[PDB]
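In C-alpha coordinates, one chain follows: the form deposited in one PDB entry.
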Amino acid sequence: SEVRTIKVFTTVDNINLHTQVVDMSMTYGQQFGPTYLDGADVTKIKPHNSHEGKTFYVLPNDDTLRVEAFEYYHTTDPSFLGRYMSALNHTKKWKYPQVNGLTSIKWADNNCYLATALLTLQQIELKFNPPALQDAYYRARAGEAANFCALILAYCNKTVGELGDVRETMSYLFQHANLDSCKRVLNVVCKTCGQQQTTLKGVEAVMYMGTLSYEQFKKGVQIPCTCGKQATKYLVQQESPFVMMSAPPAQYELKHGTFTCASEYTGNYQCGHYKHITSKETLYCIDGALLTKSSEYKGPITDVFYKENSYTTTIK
(Lines give C-alpha, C1' and ligand atoms only; values in the text may rest on other atoms or scores of the structure.)
Protein backbone atom coordinates (compact mmCIF):
# COMPACT_ATOMS: atom_id res chain seq x y z
CA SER A 1 0.00 0.00 0.00
CA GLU A 2 0.95 3.73 -0.15
CA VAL A 3 3.76 4.79 2.26
CA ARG A 4 2.46 8.05 3.89
CA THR A 5 4.78 10.22 6.12
CA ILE A 6 4.31 13.25 8.46
CA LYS A 7 7.06 15.42 10.10
CA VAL A 8 6.90 15.53 13.95
CA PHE A 9 9.32 16.62 16.72
CA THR A 10 10.82 14.27 19.36
CA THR A 11 12.35 15.47 22.67
CA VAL A 12 13.36 14.43 26.22
CA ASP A 13 13.17 18.02 27.72
CA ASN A 14 10.67 19.98 25.41
CA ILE A 15 13.56 22.51 24.90
CA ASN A 16 15.71 20.64 22.33
CA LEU A 17 13.21 19.55 19.57
CA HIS A 18 14.41 16.96 16.94
CA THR A 19 12.65 16.78 13.51
CA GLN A 20 11.61 13.19 12.58
CA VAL A 21 9.89 11.75 9.44
CA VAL A 22 7.34 9.08 10.60
CA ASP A 23 5.75 6.34 8.43
CA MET A 24 1.93 6.29 9.10
CA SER A 25 2.01 2.44 8.49
CA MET A 26 4.03 1.71 11.67
CA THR A 27 3.31 2.49 15.38
CA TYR A 28 5.45 5.20 17.07
CA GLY A 29 6.83 2.31 19.24
CA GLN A 30 8.15 0.51 16.10
CA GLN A 31 10.06 3.70 15.02
CA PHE A 32 11.03 5.56 18.29
CA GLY A 33 10.43 3.04 21.11
CA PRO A 34 8.11 4.28 23.93
CA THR A 35 6.55 7.61 22.76
CA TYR A 36 4.22 10.03 24.65
CA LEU A 37 2.02 12.92 23.36
CA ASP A 38 1.06 15.33 26.22
CA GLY A 39 1.72 12.42 28.69
CA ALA A 40 -0.60 9.97 26.79
CA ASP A 41 1.13 6.70 25.64
CA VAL A 42 1.00 6.42 21.77
CA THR A 43 3.71 3.66 21.55
CA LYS A 44 1.19 1.22 19.93
CA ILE A 45 -0.77 3.94 17.99
CA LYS A 46 -0.24 4.67 14.24
CA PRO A 47 0.41 8.36 13.42
CA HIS A 48 -2.72 10.50 12.65
CA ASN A 49 -2.77 13.48 10.20
CA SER A 50 -3.46 15.90 13.17
CA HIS A 51 -0.04 14.82 14.67
CA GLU A 52 1.97 16.74 11.96
CA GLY A 53 4.22 19.39 13.62
CA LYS A 54 3.41 18.14 17.19
CA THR A 55 6.07 17.37 19.85
CA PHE A 56 6.48 13.81 21.28
CA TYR A 57 8.53 12.75 24.32
CA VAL A 58 10.73 9.64 23.69
CA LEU A 59 13.14 7.67 25.94
CA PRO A 60 16.81 8.61 25.42
CA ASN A 61 18.12 5.75 23.18
CA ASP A 62 21.28 7.69 22.05
CA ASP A 63 24.07 9.76 23.77
CA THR A 64 22.57 13.14 22.64
CA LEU A 65 19.14 12.30 24.22
CA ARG A 66 20.75 10.73 27.39
CA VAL A 67 22.79 13.97 28.00
CA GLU A 68 19.85 16.40 27.30
CA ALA A 69 17.66 14.25 29.67
CA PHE A 70 20.34 14.20 32.48
CA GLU A 71 21.11 17.97 32.10
CA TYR A 72 17.30 18.70 32.38
CA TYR A 73 16.07 16.16 35.05
CA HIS A 74 19.39 15.57 37.00
CA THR A 75 18.50 11.79 37.00
CA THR A 76 19.62 8.70 34.95
CA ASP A 77 16.72 6.47 36.23
CA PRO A 78 15.44 4.78 32.99
CA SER A 79 11.79 4.68 34.26
CA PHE A 80 11.77 8.43 35.20
CA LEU A 81 10.40 9.74 31.84
CA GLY A 82 7.65 7.05 31.55
CA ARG A 83 6.48 7.75 35.17
CA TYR A 84 6.59 11.56 34.58
CA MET A 85 4.45 11.12 31.40
CA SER A 86 2.00 8.62 33.07
CA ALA A 87 1.50 11.07 36.03
CA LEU A 88 1.20 14.07 33.57
CA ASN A 89 -1.67 12.23 31.75
CA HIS A 90 -3.61 12.57 35.08
CA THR A 91 -2.39 15.96 36.50
CA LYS A 92 -3.28 17.79 33.20
CA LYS A 93 -6.97 16.91 34.04
CA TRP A 94 -6.76 18.37 37.63
CA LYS A 95 -8.12 21.92 38.27
CA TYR A 96 -5.65 24.50 39.75
CA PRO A 97 -7.84 27.26 41.26
CA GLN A 98 -6.23 30.46 42.65
CA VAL A 99 -7.18 30.36 46.38
CA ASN A 100 -6.07 33.35 48.53
CA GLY A 101 -3.78 34.55 45.63
CA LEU A 102 -1.87 31.15 45.55
CA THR A 103 -2.20 28.16 43.15
CA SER A 104 -3.97 25.20 44.88
CA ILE A 105 -5.39 21.90 43.49
CA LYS A 106 -9.06 20.78 43.52
CA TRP A 107 -9.17 17.43 45.41
CA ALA A 108 -8.68 14.27 43.24
CA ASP A 109 -6.62 11.03 43.47
CA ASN A 110 -5.55 11.73 47.11
CA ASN A 111 -3.69 14.96 45.96
CA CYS A 112 -4.24 16.90 49.28
CA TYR A 113 -0.55 16.25 50.22
CA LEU A 114 0.54 17.78 46.83
CA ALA A 115 -1.88 20.78 47.18
CA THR A 116 -0.35 21.45 50.67
CA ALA A 117 3.27 20.99 49.39
CA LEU A 118 2.55 23.31 46.36
CA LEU A 119 0.96 26.00 48.67
CA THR A 120 3.98 25.77 51.08
CA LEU A 121 6.54 26.06 48.22
CA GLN A 122 4.79 29.31 47.01
CA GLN A 123 5.34 30.91 50.49
CA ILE A 124 9.03 29.91 51.10
CA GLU A 125 12.24 30.99 49.20
CA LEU A 126 13.50 27.89 47.22
CA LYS A 127 15.78 27.46 44.09
CA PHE A 128 15.66 24.01 42.39
CA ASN A 129 18.87 22.59 40.79
CA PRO A 130 17.09 20.57 38.01
CA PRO A 131 15.94 22.95 35.21
CA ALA A 132 12.85 20.64 34.91
CA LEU A 133 11.69 21.76 38.43
CA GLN A 134 12.88 25.41 38.01
CA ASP A 135 10.83 25.65 34.74
CA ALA A 136 7.72 23.78 36.07
CA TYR A 137 7.83 25.63 39.45
CA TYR A 138 7.83 29.00 37.55
CA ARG A 139 4.70 27.84 35.62
CA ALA A 140 3.07 26.40 38.83
CA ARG A 141 3.42 29.86 40.57
CA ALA A 142 1.56 31.41 37.55
CA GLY A 143 -1.34 28.88 37.98
CA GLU A 144 -0.19 26.16 35.47
CA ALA A 145 0.97 23.39 37.90
CA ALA A 146 0.15 20.19 35.88
CA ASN A 147 3.87 19.66 34.95
CA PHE A 148 5.22 20.58 38.43
CA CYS A 149 2.80 18.08 40.11
CA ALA A 150 3.75 15.32 37.58
CA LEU A 151 7.51 15.95 38.25
CA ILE A 152 6.93 15.87 42.06
CA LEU A 153 5.12 12.47 41.65
CA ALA A 154 7.92 11.15 39.31
CA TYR A 155 10.81 12.41 41.55
CA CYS A 156 9.05 11.07 44.77
CA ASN A 157 8.15 7.69 43.08
CA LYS A 158 4.40 8.03 43.91
CA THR A 159 1.41 6.64 41.90
CA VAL A 160 -1.47 9.04 41.08
CA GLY A 161 -4.13 8.14 43.71
CA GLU A 162 -1.61 7.15 46.43
CA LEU A 163 -1.66 9.38 49.59
CA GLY A 164 1.83 10.84 50.34
CA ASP A 165 3.50 12.41 53.44
CA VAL A 166 4.06 16.22 53.03
CA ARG A 167 7.29 15.98 55.16
CA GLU A 168 8.76 13.20 52.87
CA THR A 169 7.67 15.19 49.73
CA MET A 170 9.33 18.42 51.03
CA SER A 171 12.44 16.37 52.04
CA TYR A 172 12.80 15.02 48.43
CA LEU A 173 12.23 18.55 46.93
CA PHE A 174 14.73 20.15 49.43
CA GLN A 175 17.34 17.49 48.35
CA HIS A 176 16.88 18.79 44.71
CA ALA A 177 17.20 22.51 45.76
CA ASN A 178 20.28 24.74 46.46
CA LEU A 179 20.52 24.93 50.32
CA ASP A 180 24.40 25.03 50.38
CA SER A 181 24.36 28.31 52.44
CA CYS A 182 21.81 26.90 55.02
CA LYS A 183 23.52 26.32 58.44
CA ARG A 184 22.27 25.20 61.90
CA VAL A 185 24.29 25.03 65.19
CA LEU A 186 22.85 22.81 68.00
CA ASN A 187 24.06 22.47 71.62
CA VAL A 188 23.18 19.28 73.58
CA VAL A 189 23.78 19.66 77.37
CA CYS A 190 23.87 16.78 79.92
CA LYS A 191 24.60 17.17 83.69
CA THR A 192 26.92 14.09 83.25
CA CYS A 193 28.48 14.36 79.72
CA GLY A 194 28.80 18.23 79.52
CA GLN A 195 28.12 20.36 76.36
CA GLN A 196 28.61 19.05 72.76
CA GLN A 197 28.03 21.34 69.69
CA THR A 198 27.05 20.14 66.13
CA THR A 199 26.82 22.07 62.79
CA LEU A 200 24.30 20.81 60.15
CA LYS A 201 24.29 21.94 56.44
CA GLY A 202 21.53 21.90 53.74
CA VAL A 203 18.34 19.81 54.28
CA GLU A 204 19.33 18.89 57.92
CA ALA A 205 19.79 22.66 58.63
CA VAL A 206 16.09 23.40 57.78
CA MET A 207 14.13 20.27 58.96
CA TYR A 208 13.50 18.99 62.53
CA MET A 209 11.27 16.09 63.71
CA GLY A 210 9.92 16.06 67.32
CA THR A 211 8.46 19.59 67.93
CA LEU A 212 6.18 21.99 65.98
CA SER A 213 7.45 25.01 67.99
CA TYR A 214 10.44 27.08 66.72
CA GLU A 215 10.31 28.93 70.13
CA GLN A 216 10.50 25.58 72.07
CA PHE A 217 13.47 24.46 69.86
CA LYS A 218 15.23 27.78 70.81
CA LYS A 219 14.41 27.37 74.58
CA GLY A 220 15.44 23.68 74.48
CA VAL A 221 13.91 20.19 74.00
CA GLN A 222 14.43 17.01 76.11
CA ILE A 223 16.09 14.14 74.14
CA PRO A 224 17.52 10.78 75.33
CA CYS A 225 21.35 11.14 75.74
CA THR A 226 23.86 8.29 74.96
CA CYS A 227 24.17 7.71 78.80
CA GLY A 228 20.31 7.26 79.09
CA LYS A 229 19.89 10.41 81.29
CA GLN A 230 17.62 13.11 79.67
CA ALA A 231 19.64 15.85 77.85
CA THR A 232 18.61 19.33 76.50
CA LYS A 233 19.14 20.10 72.76
CA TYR A 234 18.70 23.82 71.82
CA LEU A 235 19.23 25.96 68.68
CA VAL A 236 22.44 28.09 69.01
CA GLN A 237 22.51 29.49 65.42
CA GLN A 238 20.22 29.29 62.34
CA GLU A 239 21.05 30.73 58.86
CA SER A 240 18.34 29.86 56.30
CA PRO A 241 15.33 31.47 54.52
CA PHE A 242 12.93 29.21 56.54
CA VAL A 243 12.81 26.30 59.04
CA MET A 244 10.41 23.30 58.90
CA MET A 245 9.38 21.95 62.35
CA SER A 246 7.53 18.58 62.19
CA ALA A 247 6.05 16.16 64.74
CA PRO A 248 3.50 13.31 64.76
CA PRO A 249 0.09 15.06 64.52
CA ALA A 250 -1.22 16.61 67.80
CA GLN A 251 -3.80 19.26 68.86
CA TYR A 252 -1.92 22.56 68.33
CA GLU A 253 -3.04 26.23 68.60
CA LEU A 254 -1.82 28.45 65.71
CA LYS A 255 -1.81 32.26 66.37
CA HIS A 256 -1.86 34.88 63.53
CA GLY A 257 1.61 36.32 62.66
CA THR A 258 3.61 33.73 64.73
CA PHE A 259 4.26 31.35 61.73
CA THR A 260 4.16 31.34 57.89
CA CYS A 261 2.09 28.15 57.16
CA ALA A 262 1.24 24.72 58.63
CA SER A 263 0.11 21.19 57.59
CA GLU A 264 -3.09 19.97 59.33
CA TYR A 265 -3.45 16.14 59.19
CA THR A 266 -6.77 14.53 60.27
CA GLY A 267 -7.34 10.74 60.20
CA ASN A 268 -5.08 7.69 60.63
CA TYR A 269 -1.50 6.97 59.45
CA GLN A 270 -1.25 6.79 55.59
CA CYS A 271 -5.06 7.18 55.05
CA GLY A 272 -5.81 10.69 56.41
CA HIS A 273 -6.37 14.17 54.86
CA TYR A 274 -4.15 17.29 54.67
CA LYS A 275 -5.28 20.91 54.91
CA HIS A 276 -2.97 23.97 54.63
CA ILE A 277 -3.19 26.75 57.28
CA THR A 278 -1.52 30.07 56.21
CA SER A 279 -1.07 33.33 58.21
CA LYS A 280 -2.08 36.53 56.24
CA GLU A 281 -4.33 39.33 57.72
CA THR A 282 -6.12 36.39 59.48
CA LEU A 283 -5.58 32.55 59.53
CA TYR A 284 -6.63 30.95 56.19
CA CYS A 285 -7.52 27.23 55.95
CA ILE A 286 -6.96 26.12 52.29
CA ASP A 287 -8.47 22.65 51.58
CA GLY A 288 -7.95 22.08 47.83
CA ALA A 289 -10.51 24.45 46.18
CA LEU A 290 -12.22 25.13 49.58
CA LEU A 291 -11.34 28.18 51.73
CA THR A 292 -12.31 29.09 55.33
CA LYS A 293 -11.10 32.07 57.47
CA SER A 294 -10.74 32.21 61.30
CA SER A 295 -9.04 34.60 63.80
CA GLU A 296 -7.54 31.53 65.63
CA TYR A 297 -6.85 27.80 64.99
CA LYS A 298 -6.87 24.56 67.02
CA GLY A 299 -6.34 21.33 65.03
CA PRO A 300 -4.05 18.30 64.54
CA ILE A 301 -0.88 19.91 63.06
CA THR A 302 2.19 17.88 61.82
CA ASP A 303 4.37 20.55 60.02
CA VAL A 304 4.87 24.29 60.84
CA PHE A 305 7.00 26.57 58.58
CA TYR A 306 8.58 29.79 59.99
CA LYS A 307 10.55 32.29 57.83
CA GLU A 308 14.12 33.12 58.99
CA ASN A 309 17.32 34.93 57.93
CA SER A 310 19.82 34.83 60.85
CA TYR A 311 19.14 33.82 64.48
CA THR A 312 21.74 33.67 67.34
CA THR A 313 20.80 32.42 70.87
CA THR A 314 21.22 34.69 73.98
CA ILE A 315 21.61 31.47 76.12
CA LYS A 316 25.08 31.39 77.89
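Throughout, we count residues from 1 along the sequence that is shown.
Absent from the display: the form deposited with a partner chain bound. The rest refers to it.
Its partner chain is not shown here, and in the bound PDB entry it never comes within 4.5 Å of any heavy atom of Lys46. When contacts are judged by a 4.5 Å heavy atom cut-off, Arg66 counts as touching its partner chain in the bound PDB entry.
Contact check for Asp180: a heavy atom falls within 4.5 Å of its partner chain in the bound PDB entry. Its partner chain in the bound PDB entry is not approached by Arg139, whose heavy atoms all lie more than 4.5 angstroms from it. This chain is drawn without its partner chain; in the bound PDB entry, the residue among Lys106, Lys92, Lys219, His74 with a heavy atom within 4.5 Å of it is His74. Residue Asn129 is the only one of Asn157, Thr232, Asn129, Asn100 with a heavy atom lying within 4.5 Å of its partner chain in the bound PDB entry. With the partner omitted here, the stretch from 235 to 243, 144 to 152, 84 to 92, 172 to 180 that lies within 4.5 Å of its partner chain by heavy atoms in the bound PDB entry is 172 to 180.
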